[PDB]
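Listed here are the chains, written in short residue letters.
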Amino acid sequence: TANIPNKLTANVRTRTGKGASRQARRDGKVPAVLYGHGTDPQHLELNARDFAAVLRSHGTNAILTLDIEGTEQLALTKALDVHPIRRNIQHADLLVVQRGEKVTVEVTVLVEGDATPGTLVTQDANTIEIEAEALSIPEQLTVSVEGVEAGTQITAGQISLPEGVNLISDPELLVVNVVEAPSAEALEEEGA
Amino acid sequence: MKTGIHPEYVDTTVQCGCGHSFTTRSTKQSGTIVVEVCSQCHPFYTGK
Amino acid sequence: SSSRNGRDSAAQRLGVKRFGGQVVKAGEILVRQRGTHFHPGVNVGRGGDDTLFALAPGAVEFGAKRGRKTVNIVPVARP
Amino acid sequence: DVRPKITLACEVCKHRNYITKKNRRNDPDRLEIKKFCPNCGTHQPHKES
Amino acid sequence: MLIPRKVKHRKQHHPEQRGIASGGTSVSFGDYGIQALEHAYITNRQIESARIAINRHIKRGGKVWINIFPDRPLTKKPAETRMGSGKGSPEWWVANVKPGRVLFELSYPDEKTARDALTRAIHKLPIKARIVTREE
Amino acid sequence: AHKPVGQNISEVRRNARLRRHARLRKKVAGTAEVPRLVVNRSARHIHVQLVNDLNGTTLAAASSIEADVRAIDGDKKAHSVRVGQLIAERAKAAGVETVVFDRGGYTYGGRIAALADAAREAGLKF
RNA sequence: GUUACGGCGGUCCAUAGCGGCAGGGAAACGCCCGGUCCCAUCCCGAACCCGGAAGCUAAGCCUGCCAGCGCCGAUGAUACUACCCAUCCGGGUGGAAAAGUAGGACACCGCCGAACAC
RNA sequence: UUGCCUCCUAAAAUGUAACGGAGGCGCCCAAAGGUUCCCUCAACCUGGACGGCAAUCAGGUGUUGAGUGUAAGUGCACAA
RNA sequence: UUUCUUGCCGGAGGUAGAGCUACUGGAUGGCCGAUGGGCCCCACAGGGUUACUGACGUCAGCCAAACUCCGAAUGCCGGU
Ligand SMILES: [Mg+2]
Ligand SMILES: [Mg+2]
Ligand SMILES: [Mg+2]
Ligand SMILES: [Mg+2]
Ligand SMILES: [Mg+2]
Ligand SMILES: [Mg+2]
Ligand SMILES: [Mg+2]
Ligand SMILES: [Mg+2]
Ligand SMILES: [Mg+2]
Ligand SMILES: [Mg+2]
Ligand SMILES: [Mg+2]
Ligand SMILES: [Mg+2]
Ligand SMILES: [Mg+2]
Ligand SMILES: [Mg+2]
Ligand SMILES: [Mg+2]
Ligand SMILES: [Mg+2]
Ligand SMILES: [Mg+2]
Ligand SMILES: [Mg+2]
Ligand SMILES: [Mg+2]
Ligand SMILES: [Mg+2]
Ligand SMILES: [Mg+2]
Ligand SMILES: [Mg+2]
Ligand SMILES: [Mg+2]
Ligand SMILES: [Mg+2]
Ligand SMILES: [Mg+2]
Ligand SMILES: [Mg+2]
Ligand SMILES: [Mg+2]
Ligand SMILES: [Mg+2]
Ligand SMILES: [Mg+2]
Ligand SMILES: [Mg+2]
Ligand SMILES: [Mg+2]
Ligand SMILES: [Mg+2]
Ligand SMILES: [Zn+2]
Ligand SMILES: [Zn+2]
């Protein structure tokens, strides 16, 4: 299941620094860096609005097609430095990638469906590491809860993992734990 | 092997009660022992 | 209504006394310290209270020798 | 005192050369040690006064 | 009340209350949380009131994580006394809060009730906070 | 496969010897004018080097594997005295009569003492 | 000069470590055999010390390959900061981390000796 | 409370105040001083009659978490 | 001119910040699961069942004037 890369435009940062980054961030642009086996850390401003839009559409983990001054590159979002408060993305890290390339990544895990009513489902690890190709990276994968029995644990090793993707996390990492819903005489008994 | 601090040690002749002869060395000042129950006498040793 | 503390001792003025590239006489003490934070280096001796001093004239210079910060005296050329 | 001041004198010239301390509880007898005598010129026994 | 079993030193200086929360700025245990916006001293009184507020509002089943601990003591010298004679005896406990730190976190099925319990807690705190969700 | 579990006496001998050598080395060293006479010793041979620690170089050396030394029908002390006189002659040729003795982490005595006293009488003052 | 060699060293002493898999015994390095002699055990010829060459690559030693653990580690951003603007907010110019990422690394350099055509 | 010593305050040289925050000292050891040589702990697992997690024995793992007369700090396994 | 300023060069720090599976303490929630808890067959042997309490460990998020695997800017010492 190939995911189509998203087409952004970028242009080489003329000069570097906190003043330059603050100014660029002020003009609705995100400073970022390309690296990888391209062996050239290349400093690129890109459109903040388009960056946020594509991150909304295809999560944190999505291939991009960068147009660097006409040259055409394939990139993959490695990290995003984001402000804790203003929540704007400050910086981005872009591994260079090509087809048929396995890469390690972290994919969010969103529990889906309703559970049995007497107990609450609670996730400890929201993200699971997987090894997968550049184009075949899943932006999210689901875990099944449909009327479980009494409280039991779920680990990464029993998830319906996609095709062409490989678990990296040790299979005994807990993801979602159904824990019995606290009674009336049990909910306010902890916390002091 | 110190000068004289260790106890006296000489070769000794050990004879079993059931007829076995042991040629050994011990601290016995005499150097002579006879034993009535030995490695060929006990029911556990020789199955008897 | 009273503080059960309020005592301290005199400051002993410890620390590095001659820094790198500084010309010293033979016998000048170079760093006062408690333990051996700086270990004696080449042509540098150590005193009774762990005071490092120079055993020859030259220029001070620090180094690291098998994970040990050391102080050495380097013979400057005679003009 | 239990660690009083004591003096050491050379036997062969009876000059008191050194003063030290020692524990009387642990060294009840006179302390004697081979010290250096400046006028005898050499090392001599020195005994407590 | 949340009180440390022992502190190595019982009379410290006032916690420096400047900067932005660098550590502890994400919601990880539950799905909704209360995330701070101002520097303050959140005492165990505030924390207990806020936790009881959340429990009263949801009242059925759901997990409340108090991922801040009041373990820093503020002292107070006895009343009617002049200045001097040394520092006082410690008599309340505090967490040092920076703008950015998620204070309380909640896990509960529905949305509106969870939000309302979180704002009920917020009203008991000496700061401005906001409700933050498990996703960017 | 038969995986061994213990430590061998070779390891303890080798590294304890090295530790003794280093403890010794904390206090002796070699210049150009007073070099260091370092010694190795095994069950078959004894080795000596004359070292200038300012460089990590060796000025003269000898062992009990040379033609003449293997030509001696005598005892290990005889090989030791031969090595001592040879290294003394080689040092004297190299232009040195003062040295410091690095006994190499072995206890001074036996064949090492024989070597050292042979060098002592042969012209090297230490 | 060649060396699946032996020593003595050096390096802001792990980019060198730990672990794993696969080899070697020319001389060497070892183990190994014994306690007649120097010397030795707070008892023990186990260690140390002295003599010997029956057996060995099983170790130690060294060689080659593995990045699993430990180690090293940018660029960029950020934190913090000097000075300066600035009516609180905040900003500009210089310096710039820690953590993390890309990755690196199964050390390198030197001087003597051994055997080998010499 | 008043002299001395150690740490934090003390803003990475030194120095720095308050009836600021914590403790020690007014000794001790004829070896616990000098030198020479030798060794490496604490803890943990396994195997052992008393003997129990725990006492001494043996095997292993163990680079410093033990110990350093005596407060604290700086040191020390190259060992102090 | 030794003074002072600016540029460059040679230094020693443990502050701001940060980090803590790098120590000393605090401290949130999970996970497995002891030892010690109770019970059955029935012995106080032994075995398993059970809100057990739940050592140790481990996952993730944190905190410190007297914590530090780390770690600046300035200032300071010298040279030029
Ligand atoms: Mg002081
Ligand atoms: Mg001294
Ligand atoms: Mg003194
Ligand atoms: Mg006595
Ligand atoms: Mg401050
Ligand atoms: Mg945070
Ligand atoms: Mg932090
Ligand atoms: Mg409010
Ligand atoms: Mg064994
Ligand atoms: Mg390593
Ligand atoms: Mg061979
Ligand atoms: Mg023998
Ligand atoms: Mg082999
Ligand atoms: Mg070997
Ligand atoms: Mg490291
Ligand atoms: Mg940088
Ligand atoms: Mg204003
Ligand atoms: Mg880093
Ligand atoms: Mg200072
Ligand atoms: Mg300062
Ligand atoms: Mg003042
Ligand atoms: Mg007092
Ligand atoms: Mg002593
Ligand atoms: Mg002595
Ligand atoms: Mg042991
Ligand atoms: Mg200048
Ligand atoms: Mg400079
Ligand atoms: Mg520095
Ligand atoms: Mg400090
Ligand atoms: Mg801080
Ligand atoms: Mg503490
Ligand atoms: Mg600090
Ligand atoms: Zn018999
Ligand atoms: Zn006299």
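Residues numbered from 1 in each chain as written, not as in the entry; some residues may be left out. Chains lettered and ligands numbered in written order. Part of a larger assembly, values for the part shown. Heavy atoms only, no water.

- Per the PDB record, the structure was determined using cryo-EM to 3.05 Å resolution.

What about the sheet that holds strand β2 (residues 29-36) of chain A?
Residues and elements named next belong to chain A.
So, step 1. The strand order around the closed barrel formed by 6 strands is β1-β3-β2-β6-β5-β4, and the pairing between neighbours is mixed. Along the sheet, successive strands turn relative to each other by an average axial angle of 45°, direction set aside.
So, step 2. Two elements, strand β5 (residues 71-82) and strand β6 (residues 89-96), share 7 bridges in a ladder whose sense is antiparallel. Note that in β6 the partner of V82 across the bridge is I89.
So, step 3. With respect to the sheet, helix α1 (residues 18-26) is in contact with β2, β3 (42-47) and β6, its orientation differing from that of β2 by roughly 120°.
So, step 4. Against the sheet, helix α2 (residues 48-58) contacts β1 (6-12), β2, β3, β4 (63-68), β5 and β6, and its axis sits at roughly 85° relative to β3. (Pairing = 2+ DSSP bridges. Helix = DSSP H or I, 4+ residues; strand = E, 2+ residues; numbered from the N terminus. Axes fitted to C-alpha atoms, helices over the stretch in contact; angles between N-to-C directions. Contact = heavy atoms within 4.5 Å.)

Describing the interface of chain E and chain A
So, step 1. Across the contact, 26 residues belong to chain E and 19 residues belong to chain A.
So, step 2. Here chain E packs against chain A, burying approximately 1700 Å² in sum over the two surfaces, 50% of which is carbon and sulfur.
So, step 3. Together, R51, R134 and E136 of chain E form the three largest contributors to the area buried by chain E at its contact with chain A, with a combined 26%.
So, step 4. For the pair chain E and chain A, the interface holds 0 salt bridges.
So, step 5. For the interface between chain E and chain A, the tally reads 3 residue pairs in polar contact.
So, step 6. Every element with two or more residues in the side of chain E that touches chain A is listed here: α1 (44-58), β3 (63-66) and β7 (129-133) of chain E. (Buried area = accessible area lost by both parts, 1.4 Å probe. Salt bridge = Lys/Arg side-chain N within 4 Å of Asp/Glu carboxyl O. Polar contact = N/O pair within 3.5 Å; in protein donor to acceptor, adjacent residues only side chain to side chain.)

Thoughts on the nonpolar core
Residues and elements named next belong to chain E.
So, step 1. Counting residues in hydrophobic clusters, the biggest one holds 26 residues, and the most contacted among them are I34, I54, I58, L103, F104, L106 and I127.
So, step 2. Listing elements by their share of this core, those giving two or more residues are β1 (32-36), β2 (40-43), α1, β5 (89-97), β6 (102-107) and α2 (112-122).
So, step 3. Excluding residues within four positions of it along the chain, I34 makes contact with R101, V102, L103, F104, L118, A121, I122, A129 and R130. (Core = buried A, V, L, I, M, F, W, Y, C linked by side-chain atoms within 4.5 Å. Buried < 20%, exposed > 50% of the residue type's maximum accessible area, 1.4 Å probe, protein only.)

Some details on the side chain of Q90 of chain A
Residues and elements named next belong to chain A.
So, step 1. Mapped onto the fold, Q90 is located in strand β6.
So, step 2. Under the relative-accessibility criterion, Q90 is labelled buried at 17%.
So, step 3. Excluding anything up to four places from it in sequence, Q90 contacts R25, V30, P31, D81, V82 and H83.

Some remarks on the arrangement of the chains
So, step 1. Of all 2 pairs of chains that touch, the greatest number of contacts is found between chains A and E.
So, step 2. With no contact formed, the shortest span from any C-alpha in chain A to any C-alpha in chain D equals 59 Å.

A word on the sheet that holds strand β2 (residues 46-52) of chain F
Residues and elements named next belong to chain F.
So, step 1. Strand order in this open sheet of 4 strands is β3-β2-β1-β4, and the pairing throughout is mixed. Both outer strands of the open sheet, β3 (57-63) and β4 (100-102), are each paired with one neighbouring strand and no more. Between one strand axis and the next, the sheet turns by 20° as a mean value, whatever way the strands run.
So, step 2. Taken together, the 3 bridges between strand β1 (residues 36-41) and β4 define a ladder with parallel strand orientation. In the sheet register, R36 faces β4, and the bridge partner there is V100.
So, step 3. Seen against the sheet, helix α3 (residues 76-94) touches β1, β2 and β3 and runs at an angle of roughly 150° to β3.

What about the packing of aromatic side chains?
Residues and elements named next belong to chain F.
So, step 1. By the definition in use, this model includes 4 aromatic pairs over all chains.
So, step 2. Plain terms: the ring middles of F101 and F126 are 5.5 Å apart, the flat faces sit at 5° to each other, and that makes the pair stacked. Separated by 25 residues along the polypeptide, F101 in strand β4 and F126 in the segment after α4 (110-122) bring together distant segments of the chain.
So, step 3. Using a relative accessible area of 26% as the deciding quantity, one classes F126 as partly exposed.
So, step 4. Each residue in the set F101, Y108 and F126 is aromatic and connected to the rest through ring pairs, giving one cluster.
So, step 5. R41 extends its terminal NZ or CZ atom over the ring of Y106, reaching a point 4.6 Å from the ring centre. (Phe/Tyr/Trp six-rings, centres within 6.5 Å; stacked < 30°, edge-to-face > 60°. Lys NZ or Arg CZ within 6 Å of the ring centre and 35° of its normal.)

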